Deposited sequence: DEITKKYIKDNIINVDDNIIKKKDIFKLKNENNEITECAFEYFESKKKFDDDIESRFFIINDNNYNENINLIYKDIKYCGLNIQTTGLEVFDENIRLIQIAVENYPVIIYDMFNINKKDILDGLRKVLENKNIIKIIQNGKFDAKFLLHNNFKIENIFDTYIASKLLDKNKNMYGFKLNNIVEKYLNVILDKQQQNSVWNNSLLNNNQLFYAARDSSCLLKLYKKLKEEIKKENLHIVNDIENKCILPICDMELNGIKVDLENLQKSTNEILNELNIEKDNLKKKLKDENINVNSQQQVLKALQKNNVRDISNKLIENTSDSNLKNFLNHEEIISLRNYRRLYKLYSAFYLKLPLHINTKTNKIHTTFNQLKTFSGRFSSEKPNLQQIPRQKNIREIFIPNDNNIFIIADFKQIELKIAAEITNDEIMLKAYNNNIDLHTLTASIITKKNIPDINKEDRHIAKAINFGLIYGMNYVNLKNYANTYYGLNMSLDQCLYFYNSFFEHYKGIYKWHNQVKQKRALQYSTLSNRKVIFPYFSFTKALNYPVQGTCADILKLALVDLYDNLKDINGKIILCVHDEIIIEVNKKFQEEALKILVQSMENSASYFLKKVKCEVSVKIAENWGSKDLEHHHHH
């Protein structure tokens, strides 16, 4: 009986001689009622850990499997969920271990590479599906993608990453790895060296298992303290929304979006002919033509093929829900917000055969949010009367009546609104209009615009002055998502509550959507700026349309109480429409 080969029957390699197998009796309660006790075999460390985190564990093999283990799940309310995988990309990797930590019990470790009987996993699958049991997870998007891809259904998550990230209020970019969070909230130092280990082999190291186990045990204590701190800072609503938003996000990343390679290769050759022809003719008109076609070609039409899945013609971007200052979503590899906002281009993004796109956008949601949080009477009443805010401003500036307002007046009004709402003076207003709107506006005119604007929009005036006076650094949204600035900045101060509230609305809408989109097996594809794209079988065209609008209007209703939003919708076969 060699040391190393001591536990091959359990797929363990005793490297350090730091492990013992033991068989002891535990205090359970039968499936019927009577408090039954059961004998279990578990592994414990020889050298006692300096910490109080559970370091013993059960291991589940196709070999030794005691159904009584599942009785530990009976009548739990929360558990610590963790998994160890072969790599990072789900489509190309496999789940190695599924660890579940239950209070006052050694960690249950499902050895996936040595399990072929479905019966075993029945216990696990039950837990994961139980809407009434909270699964504590560190970085839940990752683990949830893997499980959902391996057809494990999961619901009710509490993400310690989300909790820690929110509690930080966006004043640090790093320090949200598990060991960091533990050293902060529990003042315990975990061994992170076993992250770099190999989990692809069919035999597991002696120390890798202890690492895995502990990395789940701590989720219980961590959950308690983080729950407490979240409640203290009044972040329950935000934290809850984000946790519930994990699953929708996974839906977007797993579904992906399909590309029509015909318009792609064709358009590539076309812009190639334009770049060559313009290079011949050329070698201000010339510069802008060449640079534009050069970027659209090389900085888009040439990069996109790299992200296509060679087999599915699908792009599976990665969404981030808390790597932004405002709180909005952000995508990468590829960054969907950097795709040209042009019909000719976006028309290459299509639904699947028997499916179709439904696309919904918010209209002037930012200006409405401003009206709400400001409680600006004129804006709120005009909105309730279904009068456009640009028209409203035009009326105030020109002193004309709506029947006498013309397109040029509305254009000037757009400049005045988008400029002055977020805190420009008349000089910056002149430059802003003259630049983005092409208006040869004089300084005297712009000064009139300023005075008139804040003469009538007295709520807005109060908002600006109060901010400018207090010069605070702490700011919140309507979900009470908080942030702390490094230094005071007027424009950013005014901008955060608006953009952050938009992020809250969109995210909650995705949650409601993901819930109400199951009866028709609908898929959520994309969320960009203030628009959402879902994909449904052409059968449920009208039904899905109603569902989408319902989710977005309901979400806006949750946060805004004296303004009503407007959701424009289109049923399209292309992103460009």
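- Missing C-alpha coordinates mark the following deposited-sequence intervals, in order: 284-332, 627-635.
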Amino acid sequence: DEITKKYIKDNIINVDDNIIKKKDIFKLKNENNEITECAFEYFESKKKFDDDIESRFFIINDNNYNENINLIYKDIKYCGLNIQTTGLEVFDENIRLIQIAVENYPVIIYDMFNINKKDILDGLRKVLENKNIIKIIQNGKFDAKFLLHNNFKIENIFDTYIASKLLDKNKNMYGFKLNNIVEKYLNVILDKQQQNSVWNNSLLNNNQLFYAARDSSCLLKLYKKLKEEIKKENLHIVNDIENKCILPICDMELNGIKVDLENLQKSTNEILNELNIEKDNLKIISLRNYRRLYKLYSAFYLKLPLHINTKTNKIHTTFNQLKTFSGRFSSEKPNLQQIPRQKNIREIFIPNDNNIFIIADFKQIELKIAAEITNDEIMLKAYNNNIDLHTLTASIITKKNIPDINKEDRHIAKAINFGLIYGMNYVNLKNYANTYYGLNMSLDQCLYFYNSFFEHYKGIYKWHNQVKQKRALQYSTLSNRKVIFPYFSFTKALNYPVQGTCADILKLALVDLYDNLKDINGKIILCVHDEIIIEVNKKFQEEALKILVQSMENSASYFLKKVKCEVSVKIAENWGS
From here on, numbers count along this sequence of modelled residues.
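- Look at the mean CA B-factor for 29-37 and for 533-541 in the entry; the higher one is 29-37.
- Comparing the deposited coordinates for 411-419 and 267-275, the stretch with the larger average C-alpha B-factor is 267-275.
- Set against one another, the Cα B-factors of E229, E377, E372, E347 in the record reach their highest point at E347.
- Reading the B-factor column for the CA atoms of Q474, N434, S395, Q194 in the entry, the top value corresponds to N434.
- In the deposited entry, the Cα temperature factor of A556 places it in the lowest third of its chain's modelled residues.
- In the PDB entry, a CA B factor belonging to the lowest third of its chain's modelled residues is recorded for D504.
- Residue-level temperature factors show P305 in the highest third of its chain, judged at the C-alpha atom.
- In the deposited entry, the Cα temperature factor of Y514 sits in the bottom third of values across the chain's modelled residues.
- For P248, the recorded CA B-factor ranks within the lowest third of the chain. Only modelled residues enter the ranking.
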